[PDB]
Amino acid sequence: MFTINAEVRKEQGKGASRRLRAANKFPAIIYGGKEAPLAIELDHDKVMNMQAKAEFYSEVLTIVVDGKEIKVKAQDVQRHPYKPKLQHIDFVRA
Amino acid sequence: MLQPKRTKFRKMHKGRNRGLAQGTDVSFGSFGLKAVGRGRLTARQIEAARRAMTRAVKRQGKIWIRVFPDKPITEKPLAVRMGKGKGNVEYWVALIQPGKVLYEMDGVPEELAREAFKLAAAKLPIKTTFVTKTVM
Amino acid sequence: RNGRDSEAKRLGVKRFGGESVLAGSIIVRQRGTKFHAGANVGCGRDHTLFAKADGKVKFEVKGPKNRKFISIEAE
RNA sequence: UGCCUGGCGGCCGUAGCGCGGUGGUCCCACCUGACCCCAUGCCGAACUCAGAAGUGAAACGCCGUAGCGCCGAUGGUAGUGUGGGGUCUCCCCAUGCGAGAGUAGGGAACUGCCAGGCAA
RNA sequence: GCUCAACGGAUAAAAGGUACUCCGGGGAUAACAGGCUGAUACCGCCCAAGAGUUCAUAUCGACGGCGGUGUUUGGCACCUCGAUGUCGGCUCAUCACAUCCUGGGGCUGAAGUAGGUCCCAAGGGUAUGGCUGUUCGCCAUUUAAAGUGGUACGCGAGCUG
RNA sequence: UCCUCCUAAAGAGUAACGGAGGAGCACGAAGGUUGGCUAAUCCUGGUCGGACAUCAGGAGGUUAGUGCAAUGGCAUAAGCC
RNA sequence: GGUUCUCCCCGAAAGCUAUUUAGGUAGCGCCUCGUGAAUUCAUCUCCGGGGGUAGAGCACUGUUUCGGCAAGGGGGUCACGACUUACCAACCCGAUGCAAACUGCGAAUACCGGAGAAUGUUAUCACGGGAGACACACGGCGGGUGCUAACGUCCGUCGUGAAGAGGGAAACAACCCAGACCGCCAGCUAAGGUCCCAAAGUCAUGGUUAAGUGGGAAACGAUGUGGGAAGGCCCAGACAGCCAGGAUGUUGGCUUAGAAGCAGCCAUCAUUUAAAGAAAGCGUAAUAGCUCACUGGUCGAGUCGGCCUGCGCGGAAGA
């Protein structure tokens with residue numbers, strides 16, 4: 001039931017991403033296949049709650065962006081160095 | 001008293017402790033002590049913390065040390081004027097950046113692990129936190 | 001027992017890519033051969049690279065070892 | 001024009017290694033002999049001369065295979081120029097530049113001139 | 001033809017003492033005091049292995065950690081070299097409290113007398129002699145106690161030397 | 001006094017009684033040219049011989065060597081005959 | 001040490017090299033006046049450049065932790081054959097780090113060259129006349145040294161002072177704003193400010209703080225208080241209270257000195273069951289004993305333990 005609400009990022013960069021994280025929202029990327037990579041933004045608190053369990057990285061996940069459903073798998077993720085937070089998530093289209 | 005063997009040079013520059021820690025994840029055990037603050041740990045402090053946990057766990061499980069001093073520090077003798085060359089090496093310290101995992105541990109219950117790490121952190125000069133091995 | 005040093009030899013590139021030079025001008029001063037002589041470039045006994053003809057100096061990478069070469073084109 | 005072959009290059013690991021297959025009409029290699037030319041700090045090993053019996057074993061060329069090397073995004077991160085701020089032996093904000101490693105993936109080449117054989 | 005190596009080489013040719021000292025300068029540069037700093041020192045706290053009949057925390061508390069004071073030993077050379085007399089003693093003091101006594105309390109491995117430790121408290125009080133220039137210290141005998149420090153290591157236009 | 005590295009902040013230069021080491025030569029060949037050659041370290045077999053002499057094969061591709069400390073360079077070898 | 005009238009223009013340095021040289025001096029750098037010269041020079045855009053610094057990495061030179069394979073080494077069964085191992089361990093493989101004197105990678109800036117527009121009193125270069133200066137200081141950034149101490153000391157680069165008044169930081173060369181030709185009882189602003197001293201909001205909206213925090217200080221401690229994300233148990237009725245229960249061998253074999261649950265070898269059994277463990281605290285030489293784990297009944301509705309943090313409290317003693 002791993003449904004993630006995501007939005008398409010408007011601006012990218014170190015300044016934009018840091019500003020985004022300050023608003024309790026972190027970026028992520030979806031790639032794989034012959035489709036262009038898609039940059040997304042999504043809420044941080046919800047992902048932390050549902051990524052705590054060990055099987056979050058086991059099966060496929062569904063990403064809902066602008067009314068479109070994408071099936072992805074957790075490929076890579078970056079933690080905060082010394083805080084319980086997330087910096088980025090890499091998603092591989094399944 | 002951790003210390004290197006036959007180091008290339010006896011003395012080295014003071015340097016700086018800027019930057020961010022690299023070994024920020026648990027790699028050997030199931031629980032670890034992460035460094036929140038920034039600073040340096042001497043060999044004596046590392047030994048004191050290690051002894052505290054070994055006693056706390058009562059030689060049960062495994063202990064991993066993820067930091068090595070590998071950095072000499074000098075100190076001028078008392079009543080010595082400035083100059084006349086670099087001071088003699090006294091003790092070895094390890095530079096710690098935020099997020100560095102100091103000690104790792106495995107083979108004990110989570111409850112017993114928390115108190116063991118808490119005792120060790122009480123004998124260290126840097127703010128520390130308890131972390132658990134993450135799945136990927 | 002320290003305190004000794006040697007006078008700096010002021011090595012390095014004297015003429016950079018894309019600037020005209022006169023024949024015989026020094027292009028690079030080096031201990032070994034970091035750059036190898038190319039076309040219209042000669043190598044001195046101390047591995048100094050000098051221009052054997054008048055023109056524009058350019059750098060390039062050639063050979064199986066990707067070693068750097070300095071050439072001169074008559075422009 | 002094509003399959004081939006040899007030489008001289010461009011280009012230089014997407015081009016290099018490992019495993020399997022494939023080639024003797026020419027060419028190439030191995031190969032016989034060496035009294036003479038030539039050489040071994042001893043040896044036809046290597047170099048050189050007189051040959052072409054035999055062979056494709058080795059080497060070399062080509063094909064297949066990702067088992068390695070190699071190349072490699074997007075995003076994020078580190079760092080950083082300029083101007084400001086802070087609980088200022090370290091950081092943050094606005095703007096500009098933006099890695100390294102890693103990931104998806106790519107990948108077991110391409111090309112110019114000359115000469116020779118076969119089919120055209 | 002020169003370790004003219006003090007290596008741009010003042011002569012071919014050259015070591016010491018001055019508390020009997022002198023002159024020109026310098027706080028550009030030391031010694032006393034101030035200032036900055038706080039390694040060291042002193043004081044307080046954190047963790048707690050252990051000791052304490054068993055019981056870590058009555059009382060001590062190792063291995064380690066974090067602070068305060070500017071009371072020692074230090075670092076620097078900012079002030080003073082057209083001069084700030086620098087150890088003790090005497091006389092006269094004044095302030096801080098990290099309290100020696102007296103006052104009020106908690107805990108005690110506090111039966112009582114007598115203690116141990118911690119908290120609040122600076123109102124007042126807080127020795128005399130022998131030895132030594134001594135501060136200090138040892139010793140003798142008293143007291144409720146003979147407190148610790150700051151004040152140019154208080155005080156020589158107040159005294160002694 | 002001179003040489004090499006770091007400090008030195010990716011041109012040059014850049015101080016300290018800062019951190020490490022060297023030189024006051026050598027060579028008529030160790031120079032010039034022509035021709036030829038390509039190491040260290042490991043594995044296996046083999047008298048003395050043994051971990052470590054020399055021989056043969058294999059992996060390796062320069063960890064070797066370069067008259068002298070260090071840095072840079074060196075397969076067209078600047079290395080060896 | 002001192003060096004005597006006035007006005008106008010420009011305007012430094014405290015660096016390098018050498019010096020019986022270090023507080024002197026010489027050349028150069030920097031200043032001034034004159035002369036002659038090229039879109040000479042500067043900023044910006046674009047283009048052509050070589051770096052090995054920050055960062056990163058561990059192929060190499062060193063260092064470092066763990067696991068495996070493990071040649072080899074010791075003790076042991078063997079009859080010149082040969083074998084095992086509770087035990088030492090090389091080289092490699094997998095993972096994790098570190099380095100000014102490590103680099104299989106590699107910026108931002110800076111620097112050199114070329115083209116172009118605008119702008120600048122030729123701001124550039126060469127030659128000539130005259131100099132001063134060669135004690136620098138603090139601040140930001142990158143470092144060595146020291147204790148990542150010093151208004152310490154030694155370098156690189158920029159700023160200010162020196163040689164710059166004015167406003168601001170209570171006072172305070174070097175901090176922030178800003179470069180004073182003279183006059184005006186004119187206006188608008190910068191940093192910083194607007195209750196009074198003292199010029200200007202007792203201004204507006206939404207929050208926080210109870211501490212005189214604001215208006216010094218840490219490790220660490222705590223039902224201070226605000227917000228956020230969750231999680232367990234909850235009218236088949238939770239949490240705290242209230243009259244209740246908590247027993248039988250397990251005085252154990254074990255080191256029988258007694259540990260019997262309250263020193264440990266040890267299992268961590270088993271019945272009544274609305275319900276109980278062969279045991280968490282206090283207390284005995286051990287006993288005993290008193291509580292809590294857990295379980296009934298009434299009222300009865302929320303309650304409980306952690307994470308993220310905003311602002312506060314203690315820690316906090318000097319003449």
Side-chain angles (χ1 to χ4, degrees), chain A residues 9 12-15 17-19 24 27-33 36-39 45-46 48-49 75-76 78 83-85 87-90 92-93, chain B residues 2 4-20 22-23 25 27-28 38 42 44-45 47-49 51-52 55 62 64-68 70-71 74-76 78-87 94-95 100-101 104 118-119 121-125 127, chain C residues 2-8 10-20 28 30-35 47 56-59 61-66 68:
Chain A
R9 290 187 77 194
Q12 65 182 357
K14 169 153 90 165
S17 298
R18 287 187 169 178
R19 184 181 305 110
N24 205 239
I29 192 67
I30 301 160
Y31 51 81
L38 183 65
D45 291 331
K46 289 183 174 64
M48 294 299 291
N49 306 1
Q75 179 59 20
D76 194 341
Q78 298 185 2
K83 293 183 185 294
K85 308 177 71 57
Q87 296 294 321
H88 197 248
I89 302 176
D90 291 331
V92 288
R93 212 180 272 93
Chain B
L2 299 185
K5 298 184 288 293
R6 65 181 294 276
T7 187
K8 272 204 295 191
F9 304 98
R10 304 193 297 142
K11 305 152 164 83
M12 74 174 51
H13 286 348
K14 192 201 300 309
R16 294 286 181 283
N17 207 0
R18 281 193 63 197
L20 183 63
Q22 186 61 26
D25 52 33
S27 296
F28 303 94
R38 183 195 310 283
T42 74
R44 316 186 85 65
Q45 299 163 7
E47 182 65 26
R51 276 211 270 282
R55 210 178 307 116
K62 200 85 170 296
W64 282 278
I65 323 301
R66 297 280 299 289
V67 293
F68 205 80
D70 63 358
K71 177 166 205 304
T74 64
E75 190 277 331
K76 297 296 289 183
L78 188 153
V80 171
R81 298 240 171 82
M82 305 285 84
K84 282 75 174 175
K86 188 75 178 292
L95 293 168
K100 186 78 166 189
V101 177
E104 267 183 38
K118 185 175 183 293
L119 290 153
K123 300 174 181 296
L124 292 176
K127 183 65 67 65
Chain C
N2 304 311
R4 296 170 303 287
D5 213 351
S6 57
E7 190 276 331
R10 291 131 175 81
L11 306 167
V13 185
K14 304 289 159 187
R15 292 313 218 290
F16 294 89
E19 79 188 71
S20 80
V28 168
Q30 46 179 7
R31 286 276 81 87
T33 68
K34 291 174 70 175
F35 314 89
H47 308 123
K56 299 298 293 295
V57 65
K58 67 182 290 294
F59 297 71
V61 177
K62 291 174 70 175
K65 292 181 181 179
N66 300 305
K68 294 181 176 67

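Each chain gets a letter, A, B and so on, in the order the sequences are listed, and its residues count up from 1.
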So, under a plain 3.5 Å distance rule, would you say the side chain of [X] forms a donor-acceptor pair with the base of [N]?
X	N	value
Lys5(B)	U63(G)	no
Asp76(A)	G102(D)	no
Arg6(B)	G62(G)	no
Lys14(A)	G79(D)	yes
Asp5(C)	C6(F)	yes
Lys100(B)	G97(G)	no
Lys62(C)	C12(D)	no

Which nucleotide sits closest to the side chain of [X]: [options]?
X	options	answer
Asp45(A)	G97(G), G228(G), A73(D)	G228(G)
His47(C)	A94(D), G19(F), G72(F)	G72(F)
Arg18(B)	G221(G), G142(G), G75(D)	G142(G)

- request: Return the minimal non-hydrogen interatomic distance between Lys76(B) and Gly87(B), and the atom names on each side.
  value: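 Shortest heavy-atom contact: CD-CA, 3.9 Å.
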
field: Set of side-chain contact (heavy atoms from CB on, under 4.5 Å) partners for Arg16(B), sequence neighbours left out
entry: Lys14(B)

Check nucleotides 37-39 of chain E for protein N or O atoms closer than 3.5 Å to its own N or O atoms and list the pairs.
none

- prompt: If you round to the nearest 0.5 Å, how far is CZ of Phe28(B) from NZ of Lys62(B)?
  reply: 9.5 Å

query: How do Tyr31(A) and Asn17(B) order along RNA chain D: which one's closest nucleotide is nearer the 5' end?
result: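 Taking each residue's closest nucleotide, the earlier one in sequence belongs to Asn17(B).
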
query: Pick the nucleotide of RNA chain D nearest each of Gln78(A) and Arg16(B); which residue has the one closer to the 5' end?
result: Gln78(A)

Between the protein and nucleotides 45-49 of chain G, list every N/O to N/O distance that falls short of 3.5 Å.
residue, atom, partner, partner atom, Å
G48(G), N2, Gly17(C), O, 3.1
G48(G), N3, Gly17(C), O, 3.2
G49(G), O2', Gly17(C), N, 2.8

task: Determine the Euclidean distance between corresponding P atoms of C182(G) and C10(G); express it in Å to zero decimal places.
output: 14 Å

- prompt: Glycosidic conformation of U6(G), syn or anti, with 90° from 0 as the boundary?
  reply: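 It is anti.
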
- prompt: Contact class for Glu47(B) (heavy atom, under 4.0 Å): base, sugar-phosphate, or nothing?
  reply: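 Since no nucleic acid heavy atom lies under 4.0 Å of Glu47(B), the category is nothing.
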
